[PDB]
Amino acid sequence: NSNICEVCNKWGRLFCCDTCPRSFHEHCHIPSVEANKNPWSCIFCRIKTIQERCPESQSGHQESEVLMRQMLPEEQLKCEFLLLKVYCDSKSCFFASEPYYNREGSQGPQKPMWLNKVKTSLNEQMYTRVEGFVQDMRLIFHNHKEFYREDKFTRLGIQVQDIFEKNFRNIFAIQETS
Ligand SMILES: [Zn+2]
Ligand SMILES: [Zn+2]
Ligand SMILES: [Zn+2]
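Just remember that the entry's author numbering sits 700 ahead of the position in the sequence shown, which is counted from 1.
This is the structure:
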């Protein structure tokens, strides 16, 4: 197994996957690494299994169809993995905790959003459809773009949104287009 956490790339108290060489801090894994379970399989392995069990799940999908899916166990897991993929980028630190807004010439968003709030919402099963999760994720970056206006810091929002959107298209097998 790896000697650093797959998500934050630091050593520490790590839990090892039994079916692949990845390792995780307890609360870096999503969901948090389970108390017992021997063997234990990580979220990467659990997602791979879903695909292997239903090869046709990788055929192209319409985003509109994906968004209306109810959050049954498999869709719950996929949103958890997509969240984890965002945390895997070091630039997610800017969007992780609750923001505050006091900049000359800007006003804060009407509905603030951040990754830890989405993490909690997933953990507490507050989303009934994929759309709920995706809307809050996209709101994070849209709030950032609107607030930081012409400051070059706006680009961090563009960058992390691109990681989100690429991983969304991959995980939910969205039909490729030009
Ligand atoms: Zn970690
Ligand atoms: Zn694994
Ligand atoms: Zn099948």
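Here a beta-carbon is modelled for each residue, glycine too, at the ideal position from N, C-alpha and C.
With 6 angstroms as the limit, the residues whose C-beta approaches any heavy atom of ligand 1 more closely are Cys705, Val707, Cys708, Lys710, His725 and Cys728, in sequence along the chain.
With respect to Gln770, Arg829 sits close: the two C-beta atoms are nearer than 7 angstroms.
With a 10 Å radius around the Cβ and a threshold of 16 neighbouring Cβ atoms, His727 comes out exposed. With a cut-off of 6 angstroms, the C-beta of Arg753 is classified as distant from ligand 2, since no heavy atom of the ligand falls inside that distance. Beyond the five residues adjoining it in sequence on each side, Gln762 comes within less than 7 angstroms, by CB distance, of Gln875 in the same chain, given in chain order. Considering only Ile747, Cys708, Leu856 and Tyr848, the residue with the shortest C-alpha distance to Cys720 is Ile747.
Beta-bridge pairing by DSSP links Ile874 to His761.
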